[PDB]
Amino acid sequence: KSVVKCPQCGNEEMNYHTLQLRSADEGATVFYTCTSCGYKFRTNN
Amino acid sequence: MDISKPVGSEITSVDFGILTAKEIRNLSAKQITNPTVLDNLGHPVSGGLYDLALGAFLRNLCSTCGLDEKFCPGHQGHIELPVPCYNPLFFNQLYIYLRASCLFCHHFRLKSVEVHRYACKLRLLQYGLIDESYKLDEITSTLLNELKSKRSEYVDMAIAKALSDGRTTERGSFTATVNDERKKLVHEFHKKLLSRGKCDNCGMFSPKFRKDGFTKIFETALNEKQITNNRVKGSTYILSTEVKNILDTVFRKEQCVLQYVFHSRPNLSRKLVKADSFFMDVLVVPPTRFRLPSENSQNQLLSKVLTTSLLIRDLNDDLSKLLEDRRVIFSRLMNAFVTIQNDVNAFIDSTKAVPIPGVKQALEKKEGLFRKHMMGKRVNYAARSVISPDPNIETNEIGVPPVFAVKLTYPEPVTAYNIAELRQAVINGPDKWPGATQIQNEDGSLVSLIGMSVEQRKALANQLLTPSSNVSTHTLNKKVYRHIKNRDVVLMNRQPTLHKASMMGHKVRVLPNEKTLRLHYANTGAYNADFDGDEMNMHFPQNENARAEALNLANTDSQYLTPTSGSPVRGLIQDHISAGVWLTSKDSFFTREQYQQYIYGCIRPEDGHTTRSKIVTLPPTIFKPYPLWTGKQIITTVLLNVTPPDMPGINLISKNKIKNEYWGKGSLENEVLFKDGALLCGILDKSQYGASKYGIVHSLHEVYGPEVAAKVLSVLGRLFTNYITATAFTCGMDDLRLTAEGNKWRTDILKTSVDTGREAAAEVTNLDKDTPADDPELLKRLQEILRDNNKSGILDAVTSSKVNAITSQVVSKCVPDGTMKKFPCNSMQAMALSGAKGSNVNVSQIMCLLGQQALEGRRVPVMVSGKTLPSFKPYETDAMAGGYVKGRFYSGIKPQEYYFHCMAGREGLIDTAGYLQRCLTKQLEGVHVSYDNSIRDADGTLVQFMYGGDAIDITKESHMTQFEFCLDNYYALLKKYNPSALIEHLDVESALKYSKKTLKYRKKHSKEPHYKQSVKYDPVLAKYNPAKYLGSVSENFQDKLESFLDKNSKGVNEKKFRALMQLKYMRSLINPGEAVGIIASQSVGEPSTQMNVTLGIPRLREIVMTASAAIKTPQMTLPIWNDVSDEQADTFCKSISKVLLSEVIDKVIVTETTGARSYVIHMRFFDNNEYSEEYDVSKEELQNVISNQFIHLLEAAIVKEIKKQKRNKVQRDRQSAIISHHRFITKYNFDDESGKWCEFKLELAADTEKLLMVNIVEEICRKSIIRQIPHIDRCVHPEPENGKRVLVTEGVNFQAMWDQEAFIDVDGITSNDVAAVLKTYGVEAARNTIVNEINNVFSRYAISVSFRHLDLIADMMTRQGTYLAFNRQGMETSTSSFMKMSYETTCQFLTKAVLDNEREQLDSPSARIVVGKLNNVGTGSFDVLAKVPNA
Amino acid sequence: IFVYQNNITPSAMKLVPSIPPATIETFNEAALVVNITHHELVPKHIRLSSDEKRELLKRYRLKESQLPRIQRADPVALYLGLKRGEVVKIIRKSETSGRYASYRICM
Amino acid sequence: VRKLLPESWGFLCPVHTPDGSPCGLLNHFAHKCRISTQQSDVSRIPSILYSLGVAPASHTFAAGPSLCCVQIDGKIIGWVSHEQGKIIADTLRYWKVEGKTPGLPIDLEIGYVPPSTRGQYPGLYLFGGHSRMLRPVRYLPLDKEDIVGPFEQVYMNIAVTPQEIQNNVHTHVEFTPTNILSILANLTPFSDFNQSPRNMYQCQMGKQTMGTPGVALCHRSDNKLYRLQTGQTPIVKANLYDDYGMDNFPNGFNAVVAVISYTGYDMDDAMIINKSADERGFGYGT
Amino acid sequence: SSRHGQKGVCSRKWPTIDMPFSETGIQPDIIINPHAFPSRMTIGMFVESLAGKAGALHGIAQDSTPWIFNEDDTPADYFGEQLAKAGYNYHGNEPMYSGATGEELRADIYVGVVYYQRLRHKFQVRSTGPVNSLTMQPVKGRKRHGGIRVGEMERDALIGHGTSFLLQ
Ligand SMILES: [Zn+2]
Ligand SMILES: [Zn+2]
Ligand SMILES: [Zn+2]
């Protein structure tokens, strides 16, 4: 019953990881970190 | 030992006795009295322990015999004890006779007519009258004087009847089975002797005694309730002189009973047994030779005896001088009685009194005296060094360095033939090889050659062979201790010597340069000896008796076939197997120079290898344009020169490990073909030469003998070495590659493996397939699998079964079809296919796929978080995440693939990190083939009437049923048996007359089974002696011959061939004198080195060693009839199953209201349609579990916790009946219309504190059975093994399966538990259950130990009609006292020997090493008698 | 022989050896359901005559007490009803030799 | 207890463990596993957890897994929901790596245990004491060195190389996939090709060599000391060989090794040497 | 021993004129058998032979820290292309000759330099010598010129052959 488009070089492959930092009231900060060229940035809301 | 100093007298028997006090006063040299050992000036004090009368001591002559330290044998002295003290070896039995005896008439309290009965039953058991002691019980104040006549007259009648009817000598008959009935009867005697209330002669009580342990004794207070019989008849530490003052008078009144209790053998000496024999008034000090200082601990224990002995003498001076002084001097003298007792306790037994080791603890365990210095000894003329591998040595030899050849020496007595080679040897001297280190003169002198120059040493070469100057030495001659030559013999030996082929006899061949022992490669398969710094012992025997045995009997060429299975264990290993794949190729062609160089490079006629005194060759394969010799023709003429001429070549048709698809299209190089001794086809492989049955070395063994076959491994070992040093062999990085085709094949099947881990996830968890990996329902259910070990095992086995199928698709395509370099040029692949070194799973993990790394039957373990590792997301359905690695050793494994492979690598190193074979070999050491062809124990008692039922040798039967091999070699086997030169001594015709009276009888029968067959005839083998009568063979050999010789029909006819297999059988008979019980028990312990029911070495632990009646996991096998269906089998399993009440309940809801505590136990079941299908539990049966079984257990648990907290008409009348039986149930109900629920109120008082009442219900429901057949837990219907329908249960109850006739074949119920088939089916069914269950422990591991070893281990364990273990509790029924004393608990068997006054005939091999006799098995099983010509 | 239902009184077991030489044998009715000699693991047991007991002891030069032992209480020597000291012959099936006759004695 | 558990990633070495009796019990750190040795800065962490939403433990009235408990070095700081307790556990990692906060040290171990069905007991267990086990790991938002413990590691996702970072699941990546191996384990060359029982024997047989113990042997009075005469630096070496100064201690020599069956004397395990090799000082030691 | 778990004792210091030799004239100072490799699977020893030989030619070292090679670029392709640019074989092999018969061997023999390690680890004899004082048996000990033990498992091996004068 348990059965029942990276701006520097140009490459669509670039890593990202989001964290909800301070509270649930704000937006999750969408971080971006590159592998092809190496430019990094973030985006909130 | 000197062979020219004989010995006239030999010990025949020994018998155990007790030193009386009169002897050791007359025996003694000088009594010693003061407890100081040696005073100043270095000289010992006279009168003390070190005394010059007890022996020479430190450059000072003996005061008894007047000899110095090198020649004084030592002498015993005695010390006087003022009170007779207890002997701690006998206090366990003195206190038995201290009790059980009335203190008034000084008889035992048991009645004298029945004490007379045991004295008449134990007299008959002294003789071989084990039967008539039971007839004595059938013989049944005035009539007791006549009953004791009728019992005593029958004993005297039955002795003189048996002694005149040639049955029992006046020395008595004493076998094992009368030692059983004797010990059982004396235990019967001592049991009911102690349990007595009053003496049955003078009817009153006696005060009971108390045992404080050792060192003391106490009597108890006689009760006021029963002192009145001590008046109508007309606590205290008692003395050791008060105990003897009873037991003297006890052992006088009852002399006629203890004359037969304390004697196993009939007492022809008529010595009266005494109570002084249990005390020891006088200690015996050992001689000063055996207690030299290291002071010594036995001088320290004897010091405290003598220190107390002068205190108690001075305390008795005041008793001669004498009320206040009398009170204190005697409560302090009595304090000295316990201390001088406690000293002689601690002298003998250190555990019965941190401490000083006593006399017993110098004997008991390993690192003792029997096991450390009698069964095993340090030896002279022996050596030890690391071995290094060596070709060019003739496979029966050892390579000894000059540092070994100079030290080790051998006594050669000089003769007429020695004095040319032994005069030159004694000139060379100690530091030249071959030399000599000493000369032993005629008169026993000894002249060391070390400090002698060449002029004196040549002078003694002429004094060497002189006539003797003395008449007393007129028949002796000088013995030159020469060096070891190249003709000597050696025992090589590597620990652990687990089987007898790990200690072989090699010839010697010195080497002139290098300092290590050197061993040929065909010996490493026997010693288990890789050359990674392993060292092994070298023993050099010192007389012609032992030289003739390590050359003929324990030779290394004799030991080709191991006796475990009969399979060969000698052969070539790594480079010789790879060279013979290259040499026997079709590509190998040799010119006239390369052909003749390979043949002489391996034959060398000047070293005695060929048989023709000229190397004969063959015509070449190709003649023109220029002659060439194929490599098949090398080994033809190699096998042509080592074979004996005027004997035809061998005919052999075999195959090898390499298929025909590795050679090409239409090759026939899988089968090998020897015809007329010529290799016409095939590759010689591991299967031909090597430890492989039915090769060419194994076929040269049978046809030409063990010496010709072992000469082939020398020649092939050099022919494959000279071929390697000119045509070499390498393995490189080129060998490990696949093509770009073959890599594309690999990376396309391995792309299937990504969805494999998820298809196996959804199948276990019973979701529908094609679900995503991030499904919230797949991730919800995979977490529940992780929390259970059992549910994770059925996820880690479904995923493992699927990725090991992706593994096999890679391997069965990418290799050999997609490997870049191919066979034979590929070499990583060649030495794996040929068995040279490596497997096919080893080249798979290099070139294709490393695979699912398996833990203990599982995948890689998981963390708490569901992650397998930090690199992977939690609970992912990836095959890579579980341990399945896609990398290989050629390209490389990822860092998370590497952490998983280091788990399985570590587990193999934990699973790597000797007593089963010890318990076996001690029981079975004397069991040998007799000259009746009837294997039996060393003391004469009989184990089997014939060895295995046919008495053929395991090492002589590998080609005995290979009939078509022998028909191809009829004219070659007829030369090695020569039947025309054996007719004059044997009876050819008579056993062949009886060979047809039983064969025609058996075919006419066998329409019926084996309970009807009046067989009318013995088999032809149990009536005629097969070693003497031709044609007296086993029944399987008689049938398999006449079945072979019936089917096919081929200058040898049909009747010249059956008259040769009947003579090949007779030479295959095992020799009288074979140490069978060692071989049978070395063939079980040594295959145990490579190791829902128990399995393996714990299964052998329960059968052999402990005789587990309470086995861990018993089972029972039930043959389903061929009439009932599979639906009538699994619904029959549901009728035999322990269905608990816990298995039927969904949930139990209690309800507790108070404010009389009101518990409402509402318990909820599954649907009535559902538990009447899964368990076949009916609705009305479930009510009768709650009505009568559940609640009475529940009521006995509610009250049990209270006792330990002090610290319609058919239902309303059913409800009133449950209240009436029970205690505090006020309401009861059950679901009758649907069977779904059950509710019953349960009141208490208010005094009771709060019970849990859910954890009670959880414990009572797990112990409440719905239905149960006893001793049976579960009945499983597996898949049919071997085509028969099998119904395995998980318990043993044979009676309750006899009712199930209509479903179960009750006359085929086999089991697993031997002590229950012994109880219900008798002795000979326990004997088959022991053979078959000691077989499937080896059948699992593919280890084929033959049934001849399993049959004797069976028939040894059932020799008493019981199921006896191989331990100290199963060897008590044994004649040999030194065997039991050498095993364990030495002084428990020593005191059982000496209380029984036990004489032993020195028959066991354990008792012939304690006393130094020759062993009665093998070579000492007969005498050698010289015929002298004159009168 | 004397087949009973459940139990004999232990004081009534004092009569089954009481009369010599007429032996009395004693069996359950629940134990006699399956004849154990029909089992596949038991061989053919045949008791030997006194004229064949001696010819056994003469050929192997044995004492009476050196043979392998069968008990008086195992259910095969209760089936045949063996008295103490008579040899039974065991026609035993082997894996390699087939039939070979072995012998046990009841002590 | 002798097993190679998966939680030992970067703290214990997989291969560097002896064979036989101490197997699994005696084992070695990774070469980047450093151990805490002084009490870290703690006294400003309860001040900046109350600013994140943690109610104080004086007036909270909560217990059990229905909340998560905030503990710093063993004492209850307060109670916060499982929702917010992961929010206030990701800032404490973001602010300890971006070291602008004056209260969070880099050496802190913030072990968050998420709520799960019958899993580990939940809570937020901050650790900062002595004697901890620490390894470096690279933190992907604002790439810097983060220092993590084993109690903290079993619930977070690191990647072994930045070509295997998967999006929204991987928080960290390792600096190199060789900081999990010990000293003796990095130094065996091409170790990802050998079978794993043959990597573990070289950690056993690399420290049973007649090498060079030191160079100050004149002022040493050791009872037994094995010194090989002419050591050589390897052709094929790891990059940690230069880094630890193992050129100061040469343990062997570059021999021209042929893989050939030629001799007959070298089959099972045994090998041979050129005779005129060690007439010239090959493998000589005192 | 190598750095790959491959230990082995010395059988014999084989003379130089009886050793194989390449076309370049070098003669190897260790011979390892090709059979130590399949059951052990130390393929990292084989790629040290490529990388060792290629680095002694170009005068360079190569790193061998693990996981610098993918499954695409096998180091047999990285170190084979360096051996091809030196005039040597791509697969690490070299043509060698027999030292005894002087013949061209069949396959090109796989050689190269690998780093070796010398490990750290016996030979007692006795004809006669000192005995014990309690039992008059030979003394335990190599340094005291004592004997070796024929124990209990060695005892019934001498029973097991049926040889009764070897046990005596
Ligand atoms: Zn980029
Ligand atoms: Zn003396
Ligand atoms: Zn009395």
# chains A, B, ... in the order shown; residues from 1 in each chain; ligands from 1
>>> select_by_dssp(residues="range 1-167 of chain E", states="helix (DSSP H, G or I)", output="VMD selection string")
chain E and resid 16 to 18 43 to 58 75 to 78 80 to 84 152 to 160 164 to 167
>>> residues_near_ligand(ligand="ligand 1", cutoff="8 Å", atoms="only C-alpha atoms and all ligand atoms", output="number ranges by chain")
A: 6-11, 13-14, 34-39
>>> closest_residue(among="B:390, B:817, B:1181, B:878", to="chain D", atoms="only C-alpha atoms")
B:390
>>> residues_near_ligand(ligand="ligand 3", cutoff="8 Å", atoms="only C-alpha atoms and all ligand atoms", output="JSON, numbers by chain")
{"B": [101, 102, 103, 104, 105, 106, 107, 108, 109, 198, 199, 200, 201, 202, 203, 204, 205, 206]}
>>> write_last_selection(atoms="N, CA, C and O atoms", output="compact mmCIF listing (two decimals), in the first residue's frame")
# COMPACT_ATOMS: atom_id res chain seq x y z
N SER B 101 29.45 -39.52 51.85
CA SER B 101 29.89 -40.58 52.75
C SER B 101 29.39 -40.26 54.15
O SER B 101 29.57 -39.13 54.63
N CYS B 102 28.75 -41.23 54.79
CA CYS B 102 28.32 -41.06 56.16
C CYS B 102 29.52 -41.08 57.09
O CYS B 102 30.48 -41.82 56.86
N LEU B 103 29.48 -40.26 58.13
CA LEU B 103 30.59 -40.12 59.05
C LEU B 103 30.49 -41.06 60.25
O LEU B 103 31.21 -40.87 61.23
N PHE B 104 29.61 -42.07 60.19
CA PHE B 104 29.41 -42.98 61.31
C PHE B 104 29.82 -44.40 60.98
O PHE B 104 30.69 -44.96 61.66
N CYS B 105 29.24 -45.02 59.95
CA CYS B 105 29.69 -46.33 59.50
C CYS B 105 30.81 -46.23 58.49
O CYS B 105 31.44 -47.25 58.18
N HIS B 106 31.05 -45.03 57.96
CA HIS B 106 32.08 -44.71 56.97
C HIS B 106 31.92 -45.52 55.68
O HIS B 106 32.90 -45.83 55.01
N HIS B 107 30.69 -45.87 55.35
CA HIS B 107 30.34 -46.24 53.99
C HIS B 107 29.86 -44.99 53.26
O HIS B 107 29.76 -43.91 53.84
N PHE B 108 29.56 -45.15 51.98
CA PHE B 108 28.82 -44.08 51.33
C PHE B 108 27.37 -44.12 51.80
O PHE B 108 26.88 -45.13 52.31
N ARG B 109 26.68 -42.99 51.65
CA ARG B 109 25.29 -42.94 52.07
C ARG B 109 24.38 -43.69 51.12
O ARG B 109 23.27 -44.07 51.52
N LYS B 198 20.23 -39.75 53.82
CA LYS B 198 20.73 -40.53 54.93
C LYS B 198 21.44 -41.77 54.41
O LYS B 198 21.18 -42.24 53.30
N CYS B 199 22.36 -42.29 55.23
CA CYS B 199 22.97 -43.58 54.94
C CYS B 199 21.92 -44.67 55.03
O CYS B 199 21.17 -44.75 56.01
N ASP B 200 21.87 -45.52 54.02
CA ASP B 200 20.85 -46.56 53.98
C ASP B 200 21.22 -47.80 54.77
O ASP B 200 20.48 -48.79 54.73
N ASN B 201 22.34 -47.78 55.48
CA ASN B 201 22.75 -48.87 56.36
C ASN B 201 22.55 -48.53 57.82
O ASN B 201 21.87 -49.26 58.55
N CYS B 202 23.12 -47.42 58.27
CA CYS B 202 22.77 -46.80 59.54
C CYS B 202 21.95 -45.56 59.21
O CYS B 202 22.47 -44.58 58.66
N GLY B 203 20.66 -45.61 59.50
CA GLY B 203 19.74 -44.64 58.95
C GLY B 203 19.73 -43.29 59.63
O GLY B 203 18.75 -42.94 60.29
N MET B 204 20.80 -42.50 59.47
CA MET B 204 20.80 -41.16 60.02
C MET B 204 21.66 -40.25 59.15
O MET B 204 22.42 -40.70 58.29
N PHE B 205 21.53 -38.94 59.40
CA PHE B 205 22.14 -37.91 58.59
C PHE B 205 23.62 -37.75 58.92
O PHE B 205 24.19 -38.48 59.73
N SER B 206 24.24 -36.76 58.27
CA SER B 206 25.65 -36.43 58.45
C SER B 206 25.81 -34.97 58.06
O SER B 206 25.14 -34.53 57.12
>>> residues_near_ligand(ligand="ligand 2", cutoff="10 Å", atoms="only C-alpha atoms and all ligand atoms", output="number ranges by chain")
B: 29, 52-57, 61-69, 71-76, 287-289
>>> residues_around(residues="range 433-449 of chain B", least_positions_apart="3", cutoff="8 Å", atoms="only C-alpha atoms", output="compact mmCIF listing (two decimals) with C-alpha atoms, in the first residue's frame")
# COMPACT_ATOMS: atom_id res chain seq x y z
CA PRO B 402 78.25 -21.56 -0.94
CA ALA B 405 77.07 -25.56 1.31
CA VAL B 406 79.94 -25.00 3.76
CA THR B 409 77.18 -31.27 6.72
CA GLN B 424 89.71 -35.86 -1.43
CA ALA B 425 86.83 -34.27 0.47
CA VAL B 426 88.70 -34.43 3.78
CA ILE B 427 91.78 -32.84 2.18
CA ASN B 428 89.73 -29.80 1.08
CA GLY B 429 88.76 -28.99 4.65
CA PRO B 430 86.04 -26.87 6.21
CA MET B 452 94.25 -27.64 11.07
CA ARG B 457 94.79 -32.56 7.28
CA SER B 468 90.35 -50.71 14.29
CA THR B 473 85.05 -51.33 18.28
CA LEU B 476 82.70 -49.83 13.38
CA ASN B 477 84.19 -47.32 10.95
CA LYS B 478 84.97 -43.63 10.85
CA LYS B 479 82.34 -41.12 9.77
CA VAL B 480 83.50 -38.07 7.81
CA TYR B 481 81.19 -35.08 8.18
CA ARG B 482 81.49 -34.03 4.56
CA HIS B 483 79.88 -30.99 2.99
CA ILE B 484 76.63 -31.18 1.06
CA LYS B 485 77.33 -32.38 -2.49
>>> closest_atom_pairs(of="chain E", to="chain D", cutoff="8 Å", atoms="only C-alpha atoms", output="tab-separated table")
residue	atom	partner	partner_atom	distance
E:1	CA	D:205	CA	7.8
E:3	CA	D:188	CA	5.6
E:4	CA	D:202	CA	5.9
E:5	CA	D:198	CA	4.7
E:6	CA	D:198	CA	7.6
E:7	CA	D:269	CA	7.0
E:8	CA	D:270	CA	4.3
E:9	CA	D:270	CA	4.6
E:10	CA	D:271	CA	5.1
E:11	CA	D:272	CA	5.6
E:12	CA	D:272	CA	5.6
E:13	CA	D:275	CA	4.7
E:14	CA	D:275	CA	5.1
E:15	CA	D:275	CA	4.7
E:16	CA	D:274	CA	5.9
E:19	CA	D:274	CA	7.4
E:20	CA	D:262	CA	8.0
E:27	CA	D:256	CA	7.9
E:28	CA	D:256	CA	5.0
E:29	CA	D:274	CA	4.6
E:30	CA	D:273	CA	4.8
E:31	CA	D:258	CA	5.0
E:32	CA	D:259	CA	5.0
E:33	CA	D:261	CA	5.5
E:34	CA	D:259	CA	5.5
E:35	CA	D:267	CA	7.1
E:36	CA	D:269	CA	6.7
E:40	CA	D:195	CA	7.0
E:41	CA	D:195	CA	5.6
E:42	CA	D:194	CA	4.3
E:43	CA	D:194	CA	5.5
E:44	CA	D:193	CA	5.0
E:45	CA	D:194	CA	7.9
E:47	CA	D:190	CA	7.6
E:48	CA	D:236	CA	6.5
E:49	CA	D:257	CA	7.8
E:51	CA	D:236	CA	6.4
E:52	CA	D:235	CA	5.5
E:55	CA	D:235	CA	6.4
E:56	CA	D:235	CA	7.2
E:60	CA	D:235	CA	7.7
E:61	CA	D:235	CA	5.2
E:62	CA	D:236	CA	5.6
E:63	CA	D:238	CA	5.1
E:64	CA	D:238	CA	4.7
E:65	CA	D:238	CA	4.4
E:66	CA	D:190	CA	5.5
E:67	CA	D:192	CA	7.0
E:109	CA	D:260	CA	6.7
E:110	CA	D:259	CA	5.6
E:111	CA	D:258	CA	4.4
E:112	CA	D:256	CA	5.6
E:113	CA	D:256	CA	4.1
E:114	CA	D:254	CA	5.4
E:115	CA	D:254	CA	4.2
E:116	CA	D:253	CA	5.5
E:117	CA	D:252	CA	4.8
E:118	CA	D:209	CA	5.5
E:119	CA	D:209	CA	4.1
E:120	CA	D:209	CA	5.6
>>> residues_around(residues="range 58-68 of chain D", least_positions_apart="4", cutoff="7 Å", atoms="only C-alpha atoms", output="PDB file with C-alpha atoms, in the first residue's frame")
ATOM      1  CA  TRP D  79      14.771  30.649  17.063  1.00  0.00           C
ATOM      2  CA  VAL D  80      13.908  31.374  13.426  1.00  0.00           C
ATOM      3  CA  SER D  81      11.756  29.697  10.780  1.00  0.00           C
ATOM      4  CA  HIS D  82      13.134  27.155   8.311  1.00  0.00           C
ATOM      5  CA  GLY D  85      16.839  30.318   8.554  1.00  0.00           C
ATOM      6  CA  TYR D 121      17.739  17.134  13.231  1.00  0.00           C
ATOM      7  CA  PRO D 122      17.378  20.631  11.722  1.00  0.00           C
ATOM      8  CA  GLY D 123      18.854  23.911  12.890  1.00  0.00           C
ATOM      9  CA  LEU D 124      21.583  26.430  12.189  1.00  0.00           C
TER      10      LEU D 124
END
>>> interface_residues(of="chain B", to="chain C", cutoff="7 Å", atoms="only C-alpha atoms", output="number ranges by chain")
B: 131, 175, 177, 932, 940-943, 945, 949-950, 1010-1011, 1018-1019, 1022, 1034-1036, 1298, 1307-1308, 1319-1325, 1328, 1359-1361
>>> residues_around(residues="residue 838 in chain B", least_positions_apart="4", cutoff="6 Å", atoms="only C-alpha atoms", output="count of residues only")
3
>>> select_by_dssp(residues="chain E", states="strand (DSSP E or B)", output="ChimeraX atom specification")
/E:10-14,21-22,30-32,42,62-63,93-94,96-97,104,109-110,113-117,119,124-126,131,138,140,147-150
>>> interface_residues(of="chain A", to="chain B", cutoff="12 Å", atoms="only C-alpha atoms", output="CSV table (one decimal) with N, CA and C atoms, in the first residue's frame")
chain,number,residue,atom,x,y,z
A,1,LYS,N,0.8,-1.2,0.0
A,1,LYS,CA,0.0,0.0,0.0
A,1,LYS,C,0.8,1.3,0.0
A,2,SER,N,2.1,1.2,0.4
A,2,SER,CA,3.0,2.3,0.2
A,2,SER,C,3.3,2.6,-1.3
A,3,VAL,N,3.1,1.6,-2.2
A,3,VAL,CA,3.2,1.7,-3.6
A,3,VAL,C,2.0,2.6,-4.0
A,4,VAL,N,0.8,2.4,-3.4
A,4,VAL,CA,-0.3,3.3,-3.7
A,4,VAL,C,-0.1,4.6,-3.1
>>> residues_around(residues="residue 572 in chain B", least_positions_apart="3", cutoff="8 Å", atoms="only C-alpha atoms", output="mmCIF file with N, CA, C and O atoms, in the first residue's frame")
data_model
loop_
_atom_site.group_PDB
_atom_site.id
_atom_site.type_symbol
_atom_site.label_atom_id
_atom_site.label_comp_id
_atom_site.auth_asym_id
_atom_site.auth_seq_id
_atom_site.Cartn_x
_atom_site.Cartn_y
_atom_site.Cartn_z
ATOM 1 N N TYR B 521 60.377 -22.362 -11.408
ATOM 2 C CA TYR B 521 59.032 -21.811 -11.519
ATOM 3 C C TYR B 521 57.931 -22.854 -11.437
ATOM 4 O O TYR B 521 56.775 -22.489 -11.234
ATOM 5 N N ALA B 522 58.235 -24.130 -11.613
ATOM 6 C CA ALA B 522 57.182 -25.129 -11.520
ATOM 7 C C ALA B 522 56.887 -25.538 -10.087
ATOM 8 O O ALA B 522 56.021 -26.388 -9.867
ATOM 9 N N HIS B 576 56.816 -18.658 -19.816
ATOM 10 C CA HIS B 576 56.827 -19.890 -20.591
ATOM 11 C C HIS B 576 55.499 -20.112 -21.298
ATOM 12 O O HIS B 576 55.466 -20.720 -22.370
ATOM 13 N N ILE B 577 54.400 -19.648 -20.708
ATOM 14 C CA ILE B 577 53.100 -19.787 -21.347
ATOM 15 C C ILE B 577 52.973 -18.818 -22.516
ATOM 16 O O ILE B 577 52.442 -19.168 -23.578
ATOM 17 N N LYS B 686 48.283 -22.413 -21.381
ATOM 18 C CA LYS B 686 48.200 -22.741 -19.961
ATOM 19 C C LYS B 686 47.493 -24.071 -19.750
ATOM 20 O O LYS B 686 47.808 -24.806 -18.808
ATOM 21 N N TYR B 689 50.573 -27.199 -20.534
ATOM 22 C CA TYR B 689 51.522 -27.195 -19.432
ATOM 23 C C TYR B 689 51.092 -26.129 -18.436
ATOM 24 O O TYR B 689 50.725 -25.018 -18.823
ATOM 25 N N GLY B 690 51.096 -26.482 -17.164
ATOM 26 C CA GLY B 690 50.493 -25.636 -16.162
ATOM 27 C C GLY B 690 49.710 -26.481 -15.185
ATOM 28 O O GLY B 690 49.677 -27.708 -15.308
ATOM 29 N N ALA B 691 49.071 -25.841 -14.213
ATOM 30 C CA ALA B 691 48.246 -26.552 -13.241
ATOM 31 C C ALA B 691 46.831 -26.746 -13.789
ATOM 32 O O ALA B 691 45.843 -26.247 -13.255
ATOM 33 N N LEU B 713 58.877 -30.686 -17.992
ATOM 34 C CA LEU B 713 58.767 -29.320 -17.487
ATOM 35 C C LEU B 713 60.128 -28.662 -17.310
ATOM 36 O O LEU B 713 60.224 -27.432 -17.342
ATOM 37 N N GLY B 717 60.809 -25.747 -19.805
ATOM 38 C CA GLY B 717 61.165 -24.543 -19.078
ATOM 39 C C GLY B 717 62.436 -23.891 -19.567
ATOM 40 O O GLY B 717 62.629 -22.691 -19.350
#
>>> atom_distance(atom1="CA of residue 593 in chain B", atom2="CA of residue 608 in chain B")
23.3 Å
